[PDB]
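Below is one structure, written out as structure tokens; the observations come after it.
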Amino acid sequence: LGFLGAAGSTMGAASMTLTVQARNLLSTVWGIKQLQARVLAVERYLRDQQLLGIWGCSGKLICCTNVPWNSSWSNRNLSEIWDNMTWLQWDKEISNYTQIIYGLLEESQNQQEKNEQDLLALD
Amino acid sequence: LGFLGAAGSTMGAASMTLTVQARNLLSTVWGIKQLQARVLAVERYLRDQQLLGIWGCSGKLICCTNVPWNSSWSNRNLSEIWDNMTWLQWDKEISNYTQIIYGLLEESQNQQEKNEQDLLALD
Amino acid sequence: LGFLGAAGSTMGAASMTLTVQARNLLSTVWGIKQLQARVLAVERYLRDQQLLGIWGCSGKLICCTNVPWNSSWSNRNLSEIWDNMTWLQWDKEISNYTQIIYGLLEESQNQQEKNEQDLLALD
Amino acid sequence: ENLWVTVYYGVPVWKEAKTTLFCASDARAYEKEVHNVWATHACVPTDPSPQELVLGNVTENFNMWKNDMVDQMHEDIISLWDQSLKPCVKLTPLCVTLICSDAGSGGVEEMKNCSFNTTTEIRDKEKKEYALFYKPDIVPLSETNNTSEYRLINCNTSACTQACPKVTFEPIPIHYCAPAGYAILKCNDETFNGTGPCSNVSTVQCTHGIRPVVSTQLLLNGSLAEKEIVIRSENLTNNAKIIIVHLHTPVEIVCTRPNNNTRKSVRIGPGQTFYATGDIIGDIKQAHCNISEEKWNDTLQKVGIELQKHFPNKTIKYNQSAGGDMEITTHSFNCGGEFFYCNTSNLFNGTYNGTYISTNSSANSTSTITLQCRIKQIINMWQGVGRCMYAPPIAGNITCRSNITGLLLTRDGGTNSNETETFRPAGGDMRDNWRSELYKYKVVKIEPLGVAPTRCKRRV
Amino acid sequence: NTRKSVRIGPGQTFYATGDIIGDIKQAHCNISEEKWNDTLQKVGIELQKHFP
Amino acid sequence: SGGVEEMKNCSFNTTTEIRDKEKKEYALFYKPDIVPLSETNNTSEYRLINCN
Ligand SMILES: *[C@@H]1O[C@H](CO)[C@@H](O[C@@H]2O[C@H](CO)[C@@H](O[C@@H]3O[C@H](CO[C@H]4O[C@H](CO)[C@@H](O)[C@H](O)[C@@H]4O)[C@@H](O)[C@H](O[C@H]4O[C@H](CO)[C@@H](O)[C@H](O)[C@@H]4O)[C@@H]3O)[C@H](O)[C@H]2NC(C)=O)[C@H](O)[C@H]1NC(C)=O
Ligand SMILES: *[C@@H]1O[C@H](CO)[C@@H](O[C@@H]2O[C@H](CO)[C@@H](O)[C@H](O)[C@H]2NC(C)=O)[C@H](O)[C@H]1NC(C)=O
Ligand SMILES: *[C@@H]1O[C@H](CO)[C@@H](O[C@@H]2O[C@H](CO)[C@@H](O)[C@H](O)[C@H]2NC(C)=O)[C@H](O)[C@H]1NC(C)=O
Ligand SMILES: *[C@@H]1O[C@H](CO)[C@@H](O[C@@H]2O[C@H](CO)[C@@H](O)[C@H](O)[C@H]2NC(C)=O)[C@H](O)[C@H]1NC(C)=O
Ligand SMILES: *[C@@H]1O[C@H](CO)[C@@H](O)[C@H](O)[C@H]1NC(C)=O
Ligand SMILES: *[C@@H]1O[C@H](CO)[C@@H](O)[C@H](O)[C@H]1NC(C)=O
Ligand SMILES: *[C@@H]1O[C@H](CO)[C@@H](O)[C@H](O)[C@H]1NC(C)=O
Ligand SMILES: *[C@@H]1O[C@H](CO)[C@@H](O)[C@H](O)[C@H]1NC(C)=O
Ligand SMILES: *[C@@H]1O[C@H](CO)[C@@H](O)[C@H](O)[C@H]1NC(C)=O
Ligand SMILES: *[C@@H]1O[C@H](CO)[C@@H](O)[C@H](O)[C@H]1NC(C)=O
Ligand SMILES: *[C@@H]1O[C@H](CO)[C@@H](O)[C@H](O)[C@H]1NC(C)=O
Ligand SMILES: *[C@@H]1O[C@H](CO)[C@@H](O)[C@H](O)[C@H]1NC(C)=O
Ligand SMILES: *[C@@H]1O[C@H](CO)[C@@H](O)[C@H](O)[C@H]1NC(C)=O
Ligand SMILES: *[C@@H]1O[C@H](CO)[C@@H](O)[C@H](O)[C@H]1NC(C)=O
């Protein structure tokens with residue numbers, strides 16, 4: 001199994017197949033197009049890894065955080081979200097507020113790590 | 001806060017805007033300059049991540065090490081240097097004194113890694 | 001020491017010089033040749049870092065795993081390897097048996113990954 | 001009971017986007033010492049195992065009249081054509097007044113002799129040379145009825161560039177691949193009318209082999225259909241949109257020629273030598289194309305029985321192309337480096353009124369359709385931005401035992417109280433060929449980061 | 001008048017001036033007087049800050 | 001028309017689309033574009049200013 005193996009399946013079934021999806025990220029006139037495509041592939045991989053590495057989730061497929069979830073973003077219960085939707089529509093009504101999600105996660109990571117530095121310097 | 005949102009603030013105020021400043025290190029006559037700019041931005045960010053990962057601090061915004069601070073570099077206390085001067089003056093003071101700090105960090109990291117290797121091979 | 005400072009030296013001095021040999025992996029018609037060399041250099045380093053990242057050794061210069069070492073690959077004593085050899089003929093000895101090593105490391109990290117995955121949601 | 005944000009790496013979501021694309025040739029074209037006008041060495045070799053994955057329960061919207069891969073293919077082929085003529089002989093000294101007579105004794109009614117003068121190794125002296133030029137390449141500049149003076153046709157607009165006589169125009173297949181971080185959605189529905197939803201979407205990195213053949217009407221070598229004859233069109237209400245007919249079974253076609261002597265090497269400067277047609281040995285016959293009768297008849301009858309779905313209570317007719325110059329109204333292709341332009345009145349002479357007429361005669365296979373047709377040498381394709389090519393001739397006889405796949409029709413402007421809507425053939429822009437090959441594919445961008453609320457909370 | 005089109009070489013076109021219709025008049029450029037004068041005087045009063 | 005005083009007529013011969021034949025054409029070039037070729041005292045063998 002390779003890319004997008006549960007692209008139309010339910011949301012809860014997608015969590016058990018994440019190990020096989022994020023695998024292939026690096027593997028005249030037809031030289032310049034190849035060079036531009038290679039450069040944008042490197043840029044895409046580095047952007048995704050850097051954005052995963054800011055908020056303390058480097059090298060992990062599933063990462064839990066410590067920011068509360070506001071009810072003004074979804075206003076829907078957990079059961080129908082995790083057993084009814086595909087990822088496509090859920091991305092469609094989160095894409096209006098993903099920037100606020102990213103900013104809150106970044107600030108929560110910085111506060112947590114400053115608390116860790118103060119706790120380590122207490123000793 | 002913007003890209004350089006705290007450039008004249010103190011150390012205690014500028015240590016909280018790290019996460020909204022590190023986010024923006026990656027994001028025909030005039031169709032080759034853009035390509036050169038893409039490649040040099042990628043090289044700069046990868047050089048920074050290379051320099052951070054060598055002394056064992058990958059994916060950390062603030063890094064606590066075990067290198068003792070020689071007094072000849074600063075000759076100053078801590079409260080006034082964290083609540084009085086900005087990052088630019090302190091960088092201008094320490095800009096002569098950086099390569100020996102980087103070498104000390106590299107030596108201490110390799111010593112710590114060999115010590116941890118010996119301790120884990122003892123078991 | 002300098003670049004390639006202990007290439008002919010024994011195994012004991014080779015572990016004290018890993019932190020300097022990772023420095024130099026980064027540092028018209030000829031313009032496209034220069035961009036081709038630069039992009040292949042950055043891509044080779046990025047594939048190397050990703051390959052370190054697959055089997056759970058990202059950032060660390062010396063990484064211990066739990067793959068059992070089959071004796072048919074080497075058939076040599078431990079102190080014979082680490083006190084009477086340089087890296088070169090060791091590489092010529094092991095280089096036939098590299099893909100089995102890489103696959104075993106990858107599957108061991110996959111095993112530890114699903115252990116972490118079903119340990120996170122069992123408390 | 002509380003909700004916390006959790007990031008996920010590996011979320012399968014898509015965005016519609018455009019990106020630059022690869023070229024993936026095979027190893028079999030990698031070994032030849034000649035370089036064709038496309039690329040063999042420049043394209044990356046492909047793995048001999050196409051990784052195809054089918055999605056579970058997705059339904060995706062598709063369009064093909066607003067696509068980006070078609071425009072990228074068009075720009076790639078235009079740039080390859082304009083790049084494979086840079087280190088070639090520029091025939092700017094071939095603009096002299098030509099003195100032409102009949103083609104020796106026993107005139108051939110195809111060629112003129114057209115002897116000119118040219119510059120030798122000294123700039124001062126001139127020498128008399130003779131050639132053989134085809135009739136469409138020769139235009140009588142005149143102020144009176146002086147029939148002894150003629151000139152070449154491309155010394156009026158631009159260009160005058162000769163093709164390099166070591167490249168080939170053979171259409172080897174090229175694959176398109178998306179870069180890493182992208183994918184291609186491919187629709188496997190057999191009854192795909194061109195636009196709308198599809199329910200068997202598969203995700204593919206590298207597309208199947210595309211042969212970049214050039215043809216105005218009457219599509220040559222290509223991928224067949226799956227089940228039946230399929231009609232593709234943009235609206236089927238106005239008559240300005242070219243309707244593409246895709247066939248299920250192929251019809252054999254051959255096109256041959258009488259003899260020529262050889263390339264006659266004529267030198268026009270320092271190291272610049274062009275190869276015009278020399279003598280002709282043997283007799284003179286007409287170049288032609290041959291198609292089997294009954295295969296063409298029941299193929300057009302199958303197009304008739306399937307084409308009546310959009311026009312239920314009307315009969316359909318065919319006639320010739322609706323006028324213009326010879327370069328548009330005629331079936332044009334290339335074989336072995338020689339460019340054929342052919343009159344297609346004998347193929348589109350018929351009608352269907354709703355009564356299927358089956359045929360059962362195994363001894364009636366001798367009947368064939370012939371097409372009496374001509375050959376140019378000065379080429380002005382892509383209706384502009386072409387860099388007008390002079391294809392050098394080929395010595396021996398040439399045979400083009402081809403295959404046929406599709407038809408490019410159009411509808412005549414109808415009249416009131418009509419039940420006899422006619423369909424003509426038309427050529428036009430060259431986007432229709434690669435649009436009729438790339439109907440399946442759509443390029444798409446994956447976004448592997450997602451956020452979701454759950455009961456998990458990070459430890460402090 | 002026009003771009004008269006001379007043809008040179010195998011397909012090169014050179015555009016030149018053809019006839020002239022109407023009379024011949026001179027090509028001028030107009031500046032307002034008092035706006036120029038008081039802008040020049042403002043440059044003058046801002047230029048005496050350096051030279052005493 | 002005998003009263004232009006800034007543009008000359010400057011008739012010449014030129015190469016047509018056939019490089020064997022030449023034809024007689026005319027223009028109207030501006031006066032600073034043109035310098036006299038001083039092979040004689042005749043003020044009629046003018047030339048373009050970029051030709052050297
Ligand atoms: C649609 O699909 C068909 C099917 O492939 C294509 O038809 C092929 O067209 C190519 C050219 O476009 C043909 O290739 C030519 O074949 C000639 C005859 O080959 C016979 O003789 C040789 C020995 O001389 C045998 O080895 C061979 O097996 C055959 O028995 C050759 O004479 C040609 O060679 C010329 O080119 C080469 C390369 O530059 C030169 O080195 C030679 O000196 C010579 O000048 C050439 O190889 C091919 O035969 C056709 N296939 C068939 C089955 O007939 C159509 O082109 C394709 N497209 C269209 C638009 O119809
Ligand atoms: C085209 O004209 C040329 C001359 O203008 C012909 O070449 C002549 O061929 C005869 C053969 O009987 C020779 O005797 C002459 O010496 C040739 N004249 C030359 C080379 O200047 C040529 O044959 C004509 N083309 C054809 C197809 O007949
Ligand atoms: C030079 O090219 C022009 C087109 O740009 C020719 O003009 C027409 O050419 C067609 C094709 O032969 C003729 O049918 C028309 O009669 C031409 N004239 C017009 C007004 O459309 C032109 O003929 C070419 N020059 C010469 C000398 O033939
Ligand atoms: C090329 O020609 C121009 C045009 O005559 C020359 O320019 C004149 O040179 C003479 C001699 O030095 C001067 O007295 C004139 O003032 C120049 N200008 C004009 C408008 O006549 C020029 O010298 C020539 N040679 C070069 C450029 O090497
Ligand atoms: C149809 O979608 C559902 C999603 O709830 C999935 O469980 C099912 O397997 C899909 N059907 C097929 C045939 O895959
Ligand atoms: C071509 O060049 C020759 C060179 O001697 C000359 O005699 C002849 O008149 C020229 N023109 C034609 C039309 O042959
Ligand atoms: C989808 O296409 C694949 C291609 O092999 C085929 O096997 C499968 O049966 C198709 N499914 C449907 C529902 O058409
Ligand atoms: C083209 O199609 C659209 C909708 O499919 C329709 O509204 C429009 O009238 C059509 N064009 C013509 C000329 O009928
Ligand atoms: C085809 O077009 C010609 C053009 O005038 C017309 O006369 C004729 O009726 C049309 N139909 C047929 C079947 O020839
Ligand atoms: C094609 O053939 C028909 C009849 O055979 C003839 O009337 C016509 O002039 C020919 N040429 C074109 C360009 O249609
Ligand atoms: C078309 O076919 C008919 C009969 O098959 C024949 O009489 C006629 O000459 C053909 N050509 C045209 C142009 O009608
Ligand atoms: C024309 O070429 C084909 C190539 O297969 C050959 O079979 C045929 O005999 C040739 N024609 C003649 C008259 O030799
Ligand atoms: C065209 O049809 C013939 C007849 O089956 C077939 O052998 C040939 O392979 C087809 N052409 C191509 C390019 O596949
Ligand atoms: C220009 O060419 C024509 C004809 O070729 C000739 O009569 C004339 O003398 C030439 N020179 C000038 C200065 O007009």
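Residues are referred to by chain and number: the chain letter is A, B, ... according to the order shown in the structure tokens, the number counts from 1 in that chain, and ligands are numbered separately from 1 in the order shown.
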Output the neighbourhood of ligand 6 as a short mmCIF file (atom, residue, chain, number, x, y, z; two decimals) with C-alpha atoms, in the first residue's frame, that is, all protein and nucleic acid residues with some atom at most 8 Å from the ligand, counting only C-alpha atoms and all ligand atoms.
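That gives us pocket-v4.cif:
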data_model
loop_
_atom_site.label_atom_id
_atom_site.label_comp_id
_atom_site.auth_asym_id
_atom_site.auth_seq_id
_atom_site.Cartn_x
_atom_site.Cartn_y
_atom_site.Cartn_z
CA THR D 97 14.95 34.13 -58.97
CA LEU D 98 14.52 30.59 -60.27
CA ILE D 99 14.33 29.74 -63.97
CA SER D 115 17.79 25.89 -61.99
CA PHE D 116 19.31 28.84 -60.08
CA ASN D 117 22.77 30.27 -59.45
CA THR D 118 24.66 30.11 -56.17
CA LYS D 125 32.16 34.08 -58.74
CA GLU D 126 28.82 32.31 -59.16
CA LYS D 127 27.96 28.84 -60.42
CA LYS D 128 24.84 27.40 -62.04
#
Considering only C-alpha atoms, return as a PDB file with N, CA, C and O atoms, in the first residue's frame whatever protein or nucleic-acid residues lie within 12 Å of residue 69 in chain C, sequence-local ones (same chain, fewer than 5 positions apart) excluded.
ATOM      1  N   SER C  74      30.166 -10.391   9.980  1.00  0.00           N
ATOM      2  CA  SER C  74      31.529 -10.019  10.343  1.00  0.00           C
ATOM      3  C   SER C  74      32.396 -11.209  10.724  1.00  0.00           C
ATOM      4  O   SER C  74      33.484 -11.368  10.155  1.00  0.00           O
ATOM      5  N   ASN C  75      31.936 -12.044  11.670  1.00  0.00           N
ATOM      6  CA  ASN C  75      32.693 -13.169  12.253  1.00  0.00           C
ATOM      7  C   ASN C  75      34.020 -12.719  12.862  1.00  0.00           C
ATOM      8  O   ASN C  75      35.030 -13.421  12.771  1.00  0.00           O
ATOM      9  N   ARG C  76      34.032 -11.544  13.490  1.00  0.00           N
ATOM     10  CA  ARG C  76      35.263 -10.979  14.029  1.00  0.00           C
ATOM     11  C   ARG C  76      35.038 -10.512  15.459  1.00  0.00           C
ATOM     12  O   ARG C  76      33.913 -10.196  15.857  1.00  0.00           O
ATOM     13  N   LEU C  78      35.238  -8.240  18.949  1.00  0.00           N
ATOM     14  CA  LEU C  78      34.890  -6.846  19.208  1.00  0.00           C
ATOM     15  C   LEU C  78      36.135  -5.982  19.362  1.00  0.00           C
ATOM     16  O   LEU C  78      36.247  -4.920  18.739  1.00  0.00           O
ATOM     17  N   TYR C  97      26.767  -6.228   2.559  1.00  0.00           N
ATOM     18  CA  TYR C  97      25.655  -6.625   3.419  1.00  0.00           C
ATOM     19  C   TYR C  97      24.918  -5.410   3.974  1.00  0.00           C
ATOM     20  O   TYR C  97      24.523  -5.385   5.140  1.00  0.00           O
ATOM     21  N   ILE C 100      20.320  -5.456   3.962  1.00  0.00           N
ATOM     22  CA  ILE C 100      19.700  -6.228   5.035  1.00  0.00           C
ATOM     23  C   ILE C 100      19.786  -5.464   6.352  1.00  0.00           C
ATOM     24  O   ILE C 100      18.823  -5.434   7.132  1.00  0.00           O
ATOM     25  N   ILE C 101      20.924  -4.801   6.590  1.00  0.00           N
ATOM     26  CA  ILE C 101      21.114  -3.961   7.771  1.00  0.00           C
ATOM     27  C   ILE C 101      20.114  -2.813   7.782  1.00  0.00           C
ATOM     28  O   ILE C 101      19.457  -2.546   8.801  1.00  0.00           O
ATOM     29  N   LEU C 104      16.508  -4.145   8.376  1.00  0.00           N
ATOM     30  CA  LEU C 104      16.314  -4.557   9.762  1.00  0.00           C
ATOM     31  C   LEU C 104      16.189  -3.353  10.689  1.00  0.00           C
ATOM     32  O   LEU C 104      15.352  -3.356  11.601  1.00  0.00           O
ATOM     33  N   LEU C 105      17.000  -2.313  10.457  1.00  0.00           N
ATOM     34  CA  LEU C 105      16.889  -1.091  11.252  1.00  0.00           C
ATOM     35  C   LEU C 105      15.545  -0.406  11.037  1.00  0.00           C
ATOM     36  O   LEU C 105      14.917   0.066  11.999  1.00  0.00           O
TER      37      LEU C 105
END
Could you list, as a list in words, all the residues within 8 Å of ligand 1, counting only C-alpha atoms and all ligand atoms?
residues 34, 166, 167, 168, 169, 170, 171, 213, 214, 215, 220, 221, 333, 334, 335, 336, 337, 394, 396, 398, 399, 400, 401, 402 and 403 of chain D
Could you write those residues out with N, CA and C atoms, as a short mmCIF file (atom, residue, chain, number, x, y, z; two decimals), in the first residue's frame?
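Once everything was written out, this is selection-v3.cif:
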data_model
loop_
_atom_site.label_atom_id
_atom_site.label_comp_id
_atom_site.auth_asym_id
_atom_site.auth_seq_id
_atom_site.Cartn_x
_atom_site.Cartn_y
_atom_site.Cartn_z
N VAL D 34 21.59 8.35 -32.84
CA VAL D 34 20.94 9.51 -33.44
C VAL D 34 20.00 10.13 -32.42
N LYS D 166 20.08 14.51 -39.82
CA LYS D 166 20.48 13.37 -39.03
C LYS D 166 19.49 13.08 -37.92
N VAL D 167 18.60 14.01 -37.61
CA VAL D 167 17.53 13.79 -36.65
C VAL D 167 16.42 13.03 -37.33
N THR D 168 15.53 12.44 -36.55
CA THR D 168 14.36 11.76 -37.07
C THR D 168 13.12 12.38 -36.46
N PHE D 169 12.01 12.31 -37.18
CA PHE D 169 10.74 12.80 -36.68
C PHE D 169 9.87 11.68 -36.14
N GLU D 170 10.48 10.57 -35.73
CA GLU D 170 9.71 9.42 -35.28
C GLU D 170 9.10 9.69 -33.91
N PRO D 171 7.82 9.41 -33.71
CA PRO D 171 7.20 9.66 -32.41
C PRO D 171 7.42 8.56 -31.38
N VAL D 213 2.18 12.23 -32.09
CA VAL D 213 1.95 12.28 -33.53
C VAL D 213 1.32 13.61 -33.89
N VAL D 214 1.50 14.02 -35.14
CA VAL D 214 0.94 15.27 -35.65
C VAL D 214 -0.02 14.93 -36.77
N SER D 215 -1.28 15.35 -36.63
CA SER D 215 -2.29 15.07 -37.63
C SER D 215 -3.40 16.10 -37.49
N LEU D 220 -4.03 9.52 -35.90
CA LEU D 220 -3.16 8.37 -36.12
C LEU D 220 -2.95 7.60 -34.83
N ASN D 221 -1.85 6.84 -34.75
CA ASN D 221 -1.45 5.97 -33.63
C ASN D 221 -1.76 6.56 -32.27
N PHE D 333 0.21 14.49 -42.38
CA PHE D 333 1.05 13.78 -41.42
C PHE D 333 2.46 13.69 -41.98
N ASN D 334 3.31 12.90 -41.33
CA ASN D 334 4.66 12.69 -41.81
C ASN D 334 5.02 11.22 -41.71
N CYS D 335 5.71 10.72 -42.73
CA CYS D 335 6.21 9.35 -42.72
C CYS D 335 7.66 9.34 -43.17
N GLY D 336 8.54 8.82 -42.32
CA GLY D 336 9.95 8.68 -42.63
C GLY D 336 10.69 9.99 -42.84
N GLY D 337 10.10 11.10 -42.43
CA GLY D 337 10.65 12.41 -42.70
C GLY D 337 10.07 13.12 -43.90
N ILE D 394 14.01 11.91 -49.05
CA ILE D 394 14.49 10.58 -48.67
C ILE D 394 14.56 9.74 -49.93
N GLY D 396 14.97 6.25 -50.98
CA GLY D 396 14.19 5.08 -51.35
C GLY D 396 12.69 5.32 -51.22
N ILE D 398 9.01 4.81 -49.50
CA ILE D 398 8.60 4.88 -48.10
C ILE D 398 7.21 4.30 -47.95
N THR D 399 6.99 3.60 -46.84
CA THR D 399 5.73 2.94 -46.54
C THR D 399 5.36 3.22 -45.09
N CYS D 400 4.08 3.49 -44.85
CA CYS D 400 3.60 4.05 -43.59
C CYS D 400 2.43 3.20 -43.07
N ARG D 401 2.67 1.91 -42.86
CA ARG D 401 1.62 0.98 -42.45
C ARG D 401 1.20 1.32 -41.02
N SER D 402 0.29 2.28 -40.93
CA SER D 402 -0.07 2.95 -39.69
C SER D 402 -1.28 2.29 -39.03
N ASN D 403 -1.84 2.99 -38.05
CA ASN D 403 -3.03 2.58 -37.33
C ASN D 403 -3.85 3.84 -37.11
#
Just the strand (DSSP E) stuff from range 157-401 of chain D, please, per backbone DSSP, written as a ChimeraX atom specification.
/D:161-162,182-187,196-198,201-204,230-232,243-246,253-256,263-269,272-277,288-292,315-318,331-335,338-342,350-352,368-376,378-379,389-390
Gap from CA of residue 379 in chain D to atom 21 (O, counted along the ligand's line) of ligand 2 - Å, one decimal:
28.6 Å
